[PDB]
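Laid out below as structure tokens are two forms of one and the same protein chain, each shown alone and named structure 1 and structure 2.
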Structure 1
């Protein structure tokens, strides 16, 4: 029905952070959870995505070395641990959902929590 991201942070360059994304309305095996990142005034850059039905995760090139995505099947939430730096210290991270079977376009979106 809707997605709510309860994460947020204010990190000195070169530390750690953690993002959570609660989802109410749909199961986590019938949907795929993605994280989309929008720098201020720039386009939507794609970040880690997870397909819990298959179990594998994709990563962006700029985040492959530091970010780590996970999902909690007990409460339909997605976790995005971060080790952000200066270049990622201004963006707003969304949490959007796509159909697991025979689709990859994102239909439901969260409000987005800024990370700095």
Structure 2
């Protein structure tokens, strides 16, 4: 029961990335997968959430339209497509897991990947 994320790197402003979160030890339909970024020296900020049981995706107002969260339910993996990136989007992006029934905090976190813009 642990989460692995990978795909962060230096990208010019206006570029695009795809952050993948290899979830293992739990099912995509009994859990909700969330992305929480943290700018260097700043606090936690939630950007995107996906619920595969209900087929619903939520985004922050800052990343609405630009970002897209997906889930590959076949292999228990979630993706964050950060299109039209900006300089203020540089942060450490964490992939977190919460219970689907029911949300009781982000109990499992990934190690975090740095996305530099």
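Positions refer to the first chain, counted from 1. We call the rigid core whatever largest set of C-alpha positions still superposes within 1.5 Å between the two forms.
inquiry  = Out of 49, 84, 31, 77, I need the residue that shifts by 2 angstroms or more at the Cα between the two structures, core superposed.
reply    = After core superposition, the single residue displaced by 2 Å or more is 84.
_Rigid core superposed: how many angstrom does the CA of residue 104 shift between the two structures?_
For residue 104, the alpha-carbon shift amounts to 4.3 Å.
Q) Cα shift of residue 8 between the two structures after core superposition, in Å? A) With the rigid core fitted, the alpha carbon of residue 8 is displaced 1.3 Å between the two structures.
- Item | Core superposition result - C-alpha of residue 93, shift between the two structures, Å | Superposing on the rigid core gives a C-alpha shift of 0.2 Å for residue 93.
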